[PDB]
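This report refers to the structure that appears directly beneath it.
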Protein chains: 8
Amino acid sequence: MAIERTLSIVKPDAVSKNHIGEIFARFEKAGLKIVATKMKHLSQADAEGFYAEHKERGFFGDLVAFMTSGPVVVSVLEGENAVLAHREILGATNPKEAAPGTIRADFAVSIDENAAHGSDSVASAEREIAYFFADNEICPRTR
Amino acid sequence: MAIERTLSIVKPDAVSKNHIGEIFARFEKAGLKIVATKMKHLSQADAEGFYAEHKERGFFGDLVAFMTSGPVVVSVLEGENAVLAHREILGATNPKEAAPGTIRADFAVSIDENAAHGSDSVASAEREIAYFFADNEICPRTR
Amino acid sequence: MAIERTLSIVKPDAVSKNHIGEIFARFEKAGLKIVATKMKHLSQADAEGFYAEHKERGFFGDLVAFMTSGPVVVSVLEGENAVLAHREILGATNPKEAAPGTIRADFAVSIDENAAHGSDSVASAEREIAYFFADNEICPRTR
Amino acid sequence: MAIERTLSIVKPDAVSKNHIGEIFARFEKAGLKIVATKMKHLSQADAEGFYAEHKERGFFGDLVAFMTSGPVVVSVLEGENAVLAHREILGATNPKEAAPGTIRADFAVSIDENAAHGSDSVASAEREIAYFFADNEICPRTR
Amino acid sequence: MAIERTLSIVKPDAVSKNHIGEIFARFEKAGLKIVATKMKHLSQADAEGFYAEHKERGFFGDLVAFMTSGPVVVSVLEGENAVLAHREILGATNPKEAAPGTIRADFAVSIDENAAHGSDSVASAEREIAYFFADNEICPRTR
Amino acid sequence: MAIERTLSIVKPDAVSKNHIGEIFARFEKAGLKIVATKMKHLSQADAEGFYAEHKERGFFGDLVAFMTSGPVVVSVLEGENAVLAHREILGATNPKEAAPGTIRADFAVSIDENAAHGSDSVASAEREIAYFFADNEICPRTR
Amino acid sequence: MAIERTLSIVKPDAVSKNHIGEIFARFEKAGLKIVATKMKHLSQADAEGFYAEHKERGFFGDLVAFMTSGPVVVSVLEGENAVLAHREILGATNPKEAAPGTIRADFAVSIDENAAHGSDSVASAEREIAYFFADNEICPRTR
Amino acid sequence: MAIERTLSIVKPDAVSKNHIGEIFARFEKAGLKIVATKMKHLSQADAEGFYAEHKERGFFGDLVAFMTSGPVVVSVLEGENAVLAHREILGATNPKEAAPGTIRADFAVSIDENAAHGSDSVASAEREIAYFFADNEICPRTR
Ligand SMILES: [Mg+2]
Ligand SMILES: [Mg+2]
Ligand SMILES: [Mg+2]
Ligand SMILES: [Mg+2]
Ligand SMILES: [Mg+2]
Ligand SMILES: [Mg+2]
Ligand SMILES: [Mg+2]
Ligand SMILES: [Mg+2]
Ligand SMILES: [Mg+2]
Ligand SMILES: [Mg+2]
Ligand SMILES: [Mg+2]
Ligand SMILES: [Mg+2]
């Protein structure tokens with residue numbers, strides 16, 4: 001219905017196995033537009049800051065360790081219903097539970113190493129995007 | 001032979017038509033690794049600075065105009081023989097002259113709007129990479 | 001059982017998709033009576049005050065942002081075992097975990113945007129009701 | 001055509017029989033948005049003030065007595081052609097004369113106890129809304 | 001000593017003779033801060049609800065009749081020792097017994113029409129404040 | 001002449017310095033009657049809505065910032081020639097220009113922090129009152 | 001009272017005359033901490049985006065032209081009451097109106113070329129900071 | 001004689017004590033121009049990469065620890081004989097050995113915490129600048 005933006009992260013597993021292009025191709029085939037992107041290697045503090053909502057959960061340590069183990073690609077995706085649409089093409093967080101043709105089904109090895117992140121809601125998306133990107137960095141399509 | 005780095009630019013034509021994923025997939029299928037990447041919208045000065053060696057040639061103004069007409073994606077690609085290997089998968093600068101299966105053959109409309117740039121040599125690659133990236137931004141694979 | 005009161009909030013997601021009537025119908029079909037109700041758009045301070053117990057948690061920012069993103073409906077529900085009965089009809093906080101026929105199963109998109117809030121206990125209900133309603137506002141059934 | 005606002009009252013009969021949700025659902029199914037709502041128990045003076053134009057009519061006393069006999073829900077509904085659209089879904093004032101599927105046909109017992117009120121015109125709607133609501137209380141949809 | 005809150009009511013006698021400002025000025029001169037206030041005309045039920053503990057006493061009917069005879073102003077006062085300090089400036093309940101310079105001495109005509117109410121204890125103050133005000137309505141000082 | 005109503009706001013400066021009583025006393029001494037009043041802390045949106053006529057002026061941002069910096073008291077004053085009479089007792093908008101004995105002369109520090117607002121005309125008064133008050137909230141004098 | 005953040009811009013005039021250090025020294029002497037900073041040359045689009053709220057105003061074009069005429073320094077300042085404190089040391093927007101040891105008094109030539117920008121409110125500061133900085137770029141003091 | 005560029009770092013000690021402006025003022029007073037600047041908090045890897053020439057020295061660990069203990073400011077300074085001129089105003093590496101009026105004499109506590117870094121030669125300056133800055137980021141003076 002309305003045009004939204006959501007954060008994508010290609011996680012270190014998918015980067016290390018050179019799945020960046022294939023994952024991006026799925027987003028673009030589904031009508032999502034890449035309006036910002038950059039490769040980063042997160043420090044402990046960068047990852048802990050991004051995942052601050054899970055600070056008290058049992059998996060926090062392993063999440064941070066995995067997300068700092070290698071470079072990631074962080075992107076802003078724009079389109080109609082972008083938050084939920086991105087979520088549908090990612091599939092279930094647990095890859096064994098994920099529908100066929102989704103990113104988790106096709107590229108994820110396990111729960112921990114599940115290839116990619118997507119924002120869970122519009123509110124989360126704004127916070128997530130703002131964490132990695134200044135508004136001035138986002139490149140609307142002209143041309 | 002030995003591990004090199006080369007600059008890739010996905011030009012505004014290919015960005016506007018959402019070919020970023022498909023182009024990146026070709027690089028990765030060929031064994032090149034993306035070790036830095038960012039989406040930018042170049043200003044007149046940014047483009048003029050990158051193309052400064054051609055400041056006095058007749059095509060300069062049109063090149064700058066095209067390369068500032070929409071956002072681009074700038075990347076560093078790493079691999080064995082990366083400079084020439086990247087060039088082979090790009091294909092001939094002129095898309096009507098380009099081999100089938102290359103990026104120019106499949107995504108370029110004309111000479112002017114030829115989808116992507118690649119560094120022509122190791123020496124030009126060093127200069128081109130340093131133009132867009134600080135050494136500290138480049139993310140070697142650790143995982 | 002004994003007659004209790006509990007707080008309901010129809011959250012901004014469910015308001016924006018015009019589910020207010022359908023949600024209220026479920027409460028009333030189950031024998032809960034609406035004895036106070038009002039539509040409000042919470043300010044940052046109003047939401048932070050209601051959720052003050054989670055002030056130090058990592059999700060606090062996103063919770064406040066979501067709960068101030070659009071108008072809500074706040075209500076007092078009265079009935080036999082109203083606190084737990086309301087909880088049963090809401091279903092599990094996580095909609096993917098929620099039983100069929102519950103509000104979360106039928107109207108919630110995600111954990112973050114889960115359609116509605118209900119008081120978790122009699123003690124929390126007293127505090128939550130008093131936060132939004134003066135005792136003088138509550139309209140017992142005469143008639 | 002143009003976006004309007006109209007007053008709805010769910011009268012004490014429909015409140016006492018817990019039809020609030022079902023009535024609201026009909027408004028929302030028809031594309032009307034609830035942009036303000038509150039439950040009140042009207043005093044004699046509150047009801048007399050709202051119905052002041054009929055002060056000299058023979059039915060005035062009965063009307064006031066009925067409208068003060070139990071709590072009501074007062075709401076502002078917004079939408080395209082909201083005044084007439086609301087009227088169509090209410091149906092004829094007399095429930096025995098009302099079309100099937102309307103609120104009067106399905107929830108009203110008699111002329112006197114006819115479940116709900118709707119503003120008759122844009123001009124009456126402005127006056128009626130202003131009677132129960134400050135402009136600052138009305139919650140436009142932002143999400 | 002500690003910061004407290006107490007309920008003030010300017011009763012209908014003092015409102016009708018336009019003493020609201022002068023009474024408020026006395027509170028503020030004594031170092032009490034007005035953190036919530038509203039003018040209301042209590043219905044029979046509103047007054048009976050506030051005075052519910054005295055429902056079986058002989059004076060109940062006259063109290064309710066007086067407190068519904070005209071509009072009142074209800075307020076929350078905040079300050080050091082606010083409950084007792086408010087009581088000192090009100091003076092004795094019986095105005096003929098009240099110290100000079102108190103509100104009862106200067107504005108009350110009789111026991112029945114004694115200008116103002118103040119909470120008698122911290123416990124009664126909590127109950128009385130909650131009767132007229134939601135916690136969300138109270139405006140702490142932010143300057 | 002004729003009985004009018006006008007809006008008064010005691011601004012956050014005068015509230016924070018506990019001048020509410022003294023200001024109200026001046027209104028009442030001049031024969032104006034307080035027929036509605038409430039303390040509020042305005043949000044950004046509430047203040048912007050009230051001051052919408054100055055939206056394009058250079059001072060708008062500072063006005064909104066000041067009027068949201070702390071709680072205010074909003075009131076309806078009734079009396080003969082209430083709009084102009086209220087204006088006379090307020091005095092000139094600029095306190096250095098204001099006559100002695102007026103509210104601006106006695107309580108205002110500067111143009112920006114000028115203690116109180118009054119409606120400038122009958123037409124603005126209708127709009128301003130309706131913004132903060134439902135007609136049903138206004139309390140006519142009955143004794 | 002509370003720790004805030006505000007945006008500073010050292011404008012092209014003050015950069016061109018090498019006043020960056022002297023301006024920063026004044027901020028730091030006043031107890032403000034520089035927690036993010038970068039030198040940029042704004043494009044037309046960057047400046048238009050930052051000033052988007054004034055897009056329809058008469059001065060818009062001149063503002064954009066001046067703010068793109070040379071490089072600027074953009075910074076986040078942190079401290080107690082940082083927004084207003086920053087404003088006090090900047091002084092009045094018009095340098096001829098500005099108090100003696102303020103930045104406008106000492107470094108500004110005219111209204112147009114007034115040396116520096118500061119956020120006008122907490123709300124504007126949040127938006128302005130987010131325009132130029134990702135949250136991950138801001139460097140809180142450790143150490 | 002010729003225009004050069006050199007890297008400046010304001011180290012975490014000088015940042016933490018808010019000496020950034022005073023240090024910058026000294027550079028600018030000496031005729032050096034700030035043509036790029038940014039505040040960063042270096043990770044272990046960022047610092048180790050910059051100081052890679054000292055990787056086998058005994059002090060390497062302490063250098064890295066100190067340079068990652070808080071945020072730094074990294075800058076490019078441009079001017080006549082910039083490398084040596086910058087070195088003269090820094091003064092001797094050891095602050096007890098440093099001439100009066102130099103940065104080390106006035107702001108350094110010890111050898112380890114010596115306030116600032118400057119490139120030692122034109123060759124080291126090229127490498128150091130390129131480490132932190134893309135050529136595209138450097139802002140020549142226009143205007
Ligand atoms: Mg979330
Ligand atoms: Mg931009
Ligand atoms: Mg690095
Ligand atoms: Mg709990
Ligand atoms: Mg009541
Ligand atoms: Mg409002
Ligand atoms: Mg008696
Ligand atoms: Mg509140
Ligand atoms: Mg006007
Ligand atoms: Mg009324
Ligand atoms: Mg951080
Ligand atoms: Mg540039």
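Identifiers for the structure tokens are assigned positionally: chains receive A, B, ... in sequence, residues are indexed from 1 per chain, and ligands are indexed from 1 in the order shown.
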
What are the nearest atom pairs, with distances in Å to one decimal, for all residues of chain H that come at most 12 Å from ligand 11, using only C-alpha atoms and all ligand atoms, set out by chain and rising residue number as JSON lines?
{"residue": "H:40", "atom": "CA", "partner": "ligand 11", "partner_atom_place_in_ligand_line": "1 (Mg)", "distance": 10.2}
{"residue": "H:41", "atom": "CA", "partner": "ligand 11", "partner_atom_place_in_ligand_line": "1 (Mg)", "distance": 8.6}
{"residue": "H:42", "atom": "CA", "partner": "ligand 11", "partner_atom_place_in_ligand_line": "1 (Mg)", "distance": 10.9}
{"residue": "H:43", "atom": "CA", "partner": "ligand 11", "partner_atom_place_in_ligand_line": "1 (Mg)", "distance": 11.0}
{"residue": "H:70", "atom": "CA", "partner": "ligand 11", "partner_atom_place_in_ligand_line": "1 (Mg)", "distance": 11.6}
{"residue": "H:71", "atom": "CA", "partner": "ligand 11", "partner_atom_place_in_ligand_line": "1 (Mg)", "distance": 10.8}

Next, the residues of the selection above should be written as a PDB file, in the first residue's frame with N, CA, C and O atoms.
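Okay, this is what ended up in result-v6.pdb:
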ATOM      1  N   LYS H  40      36.408   9.889  15.420  1.00  0.00           N
ATOM      2  CA  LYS H  40      36.254   8.425  15.335  1.00  0.00           C
ATOM      3  C   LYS H  40      36.628   7.803  16.657  1.00  0.00           C
ATOM      4  O   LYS H  40      37.435   8.361  17.393  1.00  0.00           O
ATOM      5  N   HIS H  41      36.038   6.644  16.941  1.00  0.00           N
ATOM      6  CA  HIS H  41      36.523   5.819  18.022  1.00  0.00           C
ATOM      7  C   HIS H  41      37.097   4.580  17.350  1.00  0.00           C
ATOM      8  O   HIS H  41      36.372   3.767  16.824  1.00  0.00           O
ATOM      9  N   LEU H  42      38.412   4.436  17.400  1.00  0.00           N
ATOM     10  CA  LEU H  42      39.109   3.381  16.694  1.00  0.00           C
ATOM     11  C   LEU H  42      38.904   2.065  17.422  1.00  0.00           C
ATOM     12  O   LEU H  42      38.944   1.993  18.671  1.00  0.00           O
ATOM     13  N   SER H  43      38.698   1.026  16.641  1.00  0.00           N
ATOM     14  CA  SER H  43      38.737  -0.340  17.130  1.00  0.00           C
ATOM     15  C   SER H  43      40.193  -0.781  17.226  1.00  0.00           C
ATOM     16  O   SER H  43      41.107  -0.109  16.725  1.00  0.00           O
ATOM     17  N   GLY H  70      39.536   6.044  23.950  1.00  0.00           N
ATOM     18  CA  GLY H  70      38.468   7.018  23.746  1.00  0.00           C
ATOM     19  C   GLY H  70      38.494   7.541  22.332  1.00  0.00           C
ATOM     20  O   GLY H  70      39.416   7.214  21.573  1.00  0.00           O
ATOM     21  N   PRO H  71      37.495   8.363  21.962  1.00  0.00           N
ATOM     22  CA  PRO H  71      37.462   8.937  20.604  1.00  0.00           C
ATOM     23  C   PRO H  71      38.647   9.842  20.310  1.00  0.00           C
ATOM     24  O   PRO H  71      39.194  10.488  21.222  1.00  0.00           O
TER      25      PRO H  71
END

Distance query range 118-130 of chain A at most 6 Å, only C-alpha atoms, self and fewer than 3 positions along chain excluded, as a VMD selection string:
(chain A and resid 6 to 8 133) or (chain C and resid 62 66) or (chain G and resid 134)

Save the residues we just selected, N, CA and C atoms, as a compact mmCIF listing (two decimals), in the first residue's frame?
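Result saved to result25.txt:
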# COMPACT_ATOMS: atom_id res chain seq x y z
N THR A 6 13.20 -0.43 4.95
CA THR A 6 13.60 -1.42 5.94
C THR A 6 15.11 -1.68 5.83
N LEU A 7 15.70 -2.09 6.95
CA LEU A 7 17.10 -2.48 6.96
C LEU A 7 17.28 -3.93 6.56
N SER A 8 18.27 -4.17 5.70
CA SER A 8 18.80 -5.50 5.43
C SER A 8 20.24 -5.58 5.92
N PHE A 133 22.87 4.55 9.15
CA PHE A 133 22.81 5.55 8.08
C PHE A 133 22.30 6.90 8.56
N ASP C 62 11.93 1.42 20.97
CA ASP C 62 11.06 0.91 19.89
C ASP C 62 9.62 0.77 20.36
N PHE C 66 6.62 2.87 18.65
CA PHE C 66 5.44 2.20 18.09
C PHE C 66 4.15 2.69 18.75
N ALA G 134 24.62 8.97 11.38
CA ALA G 134 24.10 7.72 11.89
C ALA G 134 24.35 7.64 13.38

Write down, as an MDAnalysis selection string, each residue of chain E that has any atom within 12 Å of an atom of chain F, counting only C-alpha atoms.
chainID E and resid 11:42 66:78 133 136:143

Restricting the output to N, CA and C atoms, write the selected residues as a compact mmCIF listing (two decimals), in the first residue's frame.
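Contents of the output file part.txt:
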# COMPACT_ATOMS: atom_id res chain seq x y z
N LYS E 11 -15.20 24.65 46.58
CA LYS E 11 -16.58 24.20 46.62
C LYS E 11 -17.48 25.19 45.91
N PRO E 12 -18.75 24.82 45.67
CA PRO E 12 -19.60 25.69 44.83
C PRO E 12 -19.87 27.10 45.33
N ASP E 13 -19.90 27.26 46.66
CA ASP E 13 -20.02 28.58 47.28
C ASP E 13 -18.89 29.52 46.87
N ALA E 14 -17.65 29.05 46.97
CA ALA E 14 -16.49 29.88 46.67
C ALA E 14 -16.32 30.14 45.16
N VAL E 15 -16.71 29.16 44.35
CA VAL E 15 -16.75 29.34 42.91
C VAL E 15 -17.77 30.40 42.54
N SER E 16 -18.99 30.27 43.06
CA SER E 16 -20.08 31.19 42.71
C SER E 16 -19.78 32.63 43.10
N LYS E 17 -19.00 32.84 44.15
CA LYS E 17 -18.55 34.19 44.55
C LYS E 17 -17.17 34.56 43.99
N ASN E 18 -16.67 33.79 43.02
CA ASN E 18 -15.45 34.13 42.30
C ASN E 18 -14.21 34.29 43.16
N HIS E 19 -14.04 33.37 44.11
CA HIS E 19 -12.87 33.36 44.99
C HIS E 19 -11.73 32.41 44.54
N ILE E 20 -11.83 31.86 43.34
CA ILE E 20 -10.90 30.80 42.91
C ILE E 20 -9.46 31.30 42.89
N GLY E 21 -9.22 32.41 42.21
CA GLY E 21 -7.91 33.05 42.16
C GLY E 21 -7.30 33.32 43.54
N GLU E 22 -8.07 33.99 44.40
CA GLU E 22 -7.61 34.34 45.76
C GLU E 22 -7.27 33.08 46.56
N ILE E 23 -8.09 32.04 46.47
CA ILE E 23 -7.78 30.79 47.16
C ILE E 23 -6.50 30.14 46.61
N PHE E 24 -6.39 30.04 45.29
CA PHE E 24 -5.17 29.51 44.66
C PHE E 24 -3.92 30.31 45.05
N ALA E 25 -4.02 31.65 45.05
CA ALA E 25 -2.91 32.51 45.46
C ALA E 25 -2.39 32.14 46.87
N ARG E 26 -3.29 31.85 47.81
CA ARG E 26 -2.89 31.43 49.18
C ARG E 26 -2.10 30.13 49.15
N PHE E 27 -2.54 29.16 48.34
CA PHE E 27 -1.80 27.90 48.21
C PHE E 27 -0.40 28.14 47.69
N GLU E 28 -0.29 28.96 46.65
CA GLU E 28 0.98 29.21 45.98
C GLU E 28 1.94 30.05 46.83
N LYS E 29 1.39 31.01 47.59
CA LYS E 29 2.17 31.82 48.54
C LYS E 29 2.79 30.93 49.61
N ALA E 30 2.04 29.93 50.07
CA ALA E 30 2.55 28.94 51.01
C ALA E 30 3.52 27.89 50.43
N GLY E 31 3.93 28.01 49.16
CA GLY E 31 4.90 27.06 48.57
C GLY E 31 4.32 25.76 47.99
N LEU E 32 3.00 25.63 47.93
CA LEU E 32 2.36 24.51 47.24
C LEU E 32 2.24 24.80 45.74
N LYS E 33 2.46 23.76 44.93
CA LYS E 33 2.41 23.88 43.48
C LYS E 33 1.16 23.18 42.95
N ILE E 34 0.45 23.85 42.05
CA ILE E 34 -0.73 23.27 41.40
C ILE E 34 -0.20 22.41 40.25
N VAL E 35 -0.38 21.10 40.35
CA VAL E 35 0.10 20.19 39.29
C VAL E 35 -1.04 19.53 38.51
N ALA E 36 -2.28 19.74 38.93
CA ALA E 36 -3.43 19.36 38.11
C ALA E 36 -4.60 20.17 38.57
N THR E 37 -5.46 20.55 37.64
CA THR E 37 -6.66 21.30 37.99
C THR E 37 -7.72 21.22 36.89
N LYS E 38 -8.98 21.11 37.29
CA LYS E 38 -10.07 21.24 36.34
C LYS E 38 -11.37 21.62 36.99
N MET E 39 -12.18 22.39 36.27
CA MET E 39 -13.48 22.80 36.72
C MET E 39 -14.47 21.75 36.24
N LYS E 40 -15.37 21.33 37.14
CA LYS E 40 -16.40 20.34 36.84
C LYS E 40 -17.69 20.73 37.51
N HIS E 41 -18.81 20.29 36.96
CA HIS E 41 -20.07 20.32 37.65
C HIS E 41 -20.43 18.89 37.92
N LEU E 42 -20.39 18.49 39.19
CA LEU E 42 -20.62 17.12 39.58
C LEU E 42 -22.10 16.79 39.48
N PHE E 66 -25.35 20.01 48.28
CA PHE E 66 -24.51 21.21 48.23
C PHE E 66 -23.40 21.08 47.17
N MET E 67 -22.73 19.93 47.14
CA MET E 67 -21.60 19.73 46.24
C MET E 67 -22.02 19.54 44.76
N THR E 68 -23.32 19.35 44.49
CA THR E 68 -23.86 19.35 43.14
C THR E 68 -24.66 20.61 42.75
N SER E 69 -24.66 21.62 43.60
CA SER E 69 -25.48 22.81 43.39
C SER E 69 -24.87 23.79 42.39
N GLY E 70 -23.56 23.69 42.21
CA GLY E 70 -22.86 24.50 41.21
C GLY E 70 -21.51 23.91 40.88
N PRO E 71 -20.80 24.48 39.90
CA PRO E 71 -19.46 23.96 39.53
C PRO E 71 -18.45 24.06 40.65
N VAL E 72 -17.49 23.14 40.64
CA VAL E 72 -16.35 23.15 41.57
C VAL E 72 -15.07 23.19 40.79
N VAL E 73 -13.97 23.45 41.48
CA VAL E 73 -12.65 23.28 40.90
C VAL E 73 -11.93 22.24 41.72
N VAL E 74 -11.46 21.20 41.04
CA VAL E 74 -10.71 20.13 41.67
C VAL E 74 -9.24 20.25 41.25
N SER E 75 -8.34 20.14 42.22
CA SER E 75 -6.90 20.33 41.99
C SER E 75 -6.03 19.36 42.77
N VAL E 76 -4.86 19.08 42.22
CA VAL E 76 -3.81 18.37 42.91
C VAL E 76 -2.72 19.39 43.28
N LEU E 77 -2.38 19.45 44.56
CA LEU E 77 -1.34 20.33 45.09
C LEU E 77 -0.16 19.50 45.53
N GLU E 78 1.05 19.97 45.20
CA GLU E 78 2.27 19.25 45.46
C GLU E 78 3.20 20.12 46.25
N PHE E 133 -8.59 12.19 39.03
CA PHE E 133 -7.52 12.31 38.08
C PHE E 133 -6.91 10.96 37.73
N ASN E 136 -1.89 9.95 34.34
CA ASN E 136 -1.49 10.58 33.08
C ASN E 136 -1.88 12.07 32.96
N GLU E 137 -2.89 12.53 33.70
CA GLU E 137 -3.35 13.93 33.68
C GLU E 137 -2.48 14.86 34.51
N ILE E 138 -1.75 14.31 35.48
CA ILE E 138 -1.02 15.12 36.43
C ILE E 138 0.21 15.65 35.72
N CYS E 139 0.49 16.95 35.87
CA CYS E 139 1.55 17.59 35.11
C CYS E 139 2.68 17.98 36.04
N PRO E 140 3.69 17.09 36.20
CA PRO E 140 4.88 17.52 36.95
C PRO E 140 5.57 18.72 36.31
N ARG E 141 6.21 19.51 37.16
CA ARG E 141 6.96 20.67 36.72
C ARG E 141 8.24 20.24 36.03
N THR E 142 8.40 20.68 34.79
CA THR E 142 9.61 20.40 34.00
C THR E 142 10.52 21.61 33.83
N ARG E 143 10.08 22.81 34.14
CA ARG E 143 10.98 24.00 34.12
C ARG E 143 12.00 24.10 35.28

12 Å contact set for residue 92 in chain B, only C-alpha atoms, chain neighbours under 4 positions out, as a short mmCIF file (atom, residue, chain, number, x, y, z; two decimals) with C-alpha atoms, in the first residue's frame:
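New file result.cif:
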data_model
loop_
_atom_site.label_atom_id
_atom_site.label_comp_id
_atom_site.auth_asym_id
_atom_site.auth_seq_id
_atom_site.Cartn_x
_atom_site.Cartn_y
_atom_site.Cartn_z
CA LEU B 84 41.83 -8.64 -15.87
CA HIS B 86 36.88 -8.27 -13.76
CA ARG B 87 37.54 -6.87 -17.26
CA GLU B 88 36.72 -10.21 -18.91
CA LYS B 96 27.67 -3.94 -29.47
CA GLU B 97 31.32 -5.25 -29.54
CA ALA B 98 30.94 -7.20 -26.23
CA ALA B 99 31.00 -11.00 -25.91
CA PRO B 100 27.75 -12.80 -24.97
CA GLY B 101 27.33 -13.44 -21.23
CA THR B 102 29.32 -10.30 -20.26
CA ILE B 103 27.86 -7.42 -18.24
CA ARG B 104 28.03 -4.97 -21.16
CA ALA B 105 26.30 -7.47 -23.49
CA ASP B 106 23.49 -8.18 -21.02
CA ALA B 108 24.32 -1.96 -21.38
CA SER B 110 24.96 2.06 -25.50
CA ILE B 111 28.62 3.15 -25.23
CA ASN B 114 27.38 0.88 -20.46
CA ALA B 115 26.23 -0.36 -17.04
CA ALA B 116 29.57 -0.59 -15.24
CA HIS B 117 33.17 0.55 -14.89
CA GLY B 118 36.24 -1.53 -14.09
CA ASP B 120 42.02 -0.90 -16.60
#

Give me the residues near residue 48 in chain F as a PyMOL selection string, where near means some atom within 10 Å (using only C-alpha atoms) and where sequence neighbours in that chain fewer than 2 positions away do not count.
chain F and resi 42-46+50-55+60-61+63-65+67-68
